[PDB]
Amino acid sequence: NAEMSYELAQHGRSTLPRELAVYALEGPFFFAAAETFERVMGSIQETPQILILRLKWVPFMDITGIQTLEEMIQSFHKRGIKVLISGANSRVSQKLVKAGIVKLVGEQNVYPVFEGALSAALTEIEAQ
C-alpha cells in the first residue's frame, strides 16, 4: 500500500513493525485463504500483537462466510492476538454487527478504512 507507506512515515518508520500483521480477505469466497492463514498463525513460533483484517474486497457475506470469519478470529484471539477490522462496505458493516462479529472483536477495534486501523495500531504499539 501507499496508504501503508504514508502512515508508516507519519510514525517515523519505513517497514511494518514486528508487532503488527495485516491480512486481507479477497472476495466473498475467502474460505480457502481463511483456512491457510489460520493454519499459518497456528504453526508459526512468534505471533504479532495486532492483526488488521481488511474487508474492503468482500462485497457480501452469508452465514457461511460469517461463521468462517468468526472461527478465524477465535483462533487468533486464543493466541493473544488483538484483531482489528477495516474497510467493511455499508452492507457488510451492518452484517458484522447483526452477526456478533463486532461484539467479538470490540466496537473500538472496527474502522471504516484501513488507514485509520493502521494509525490506531501503530499508536497502540508505540504506547506498549
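In case it trips you up, residue 1 is the first one in the sequence shown, and so on.
> Per the PDB record, is the mean Cα temperature factor higher over 55-63 or over 40-48?
Replying inline: According to the entry, 40-48 carries the higher average C-alpha B-factor.
>> Quick check on the record: does 72-80 or 30-38 carry the larger mean Cα temperature factor?
In response: Comparing averages over the C-alpha atoms only gives 30-38.
>> By the recorded C-alpha temperature factor, relative to the other modelled residues in its chain, which third is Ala99 in?
In response: For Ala99, the deposited C-alpha B-factor lands in the highest third.
> Comparing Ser90 with the other modelled residues of its chain, is its CA B-factor in the lowest, middle or highest third?
Replying inline: According to the entry, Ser90 has a C-alpha B-factor in the chain's highest third.
>> Where does the C-alpha B-factor of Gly116 rank in its chain, lowest, middle or highest third?
In response: Within its chain, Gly116 is a lowest-third residue by C-alpha B-factor, going by the deposited values.
> For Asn109, does the deposited CA B-factor place it in the lowest, middle or highest third of the chain?
Replying inline: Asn109: CA B-factor falls in the lowest third of its chain.
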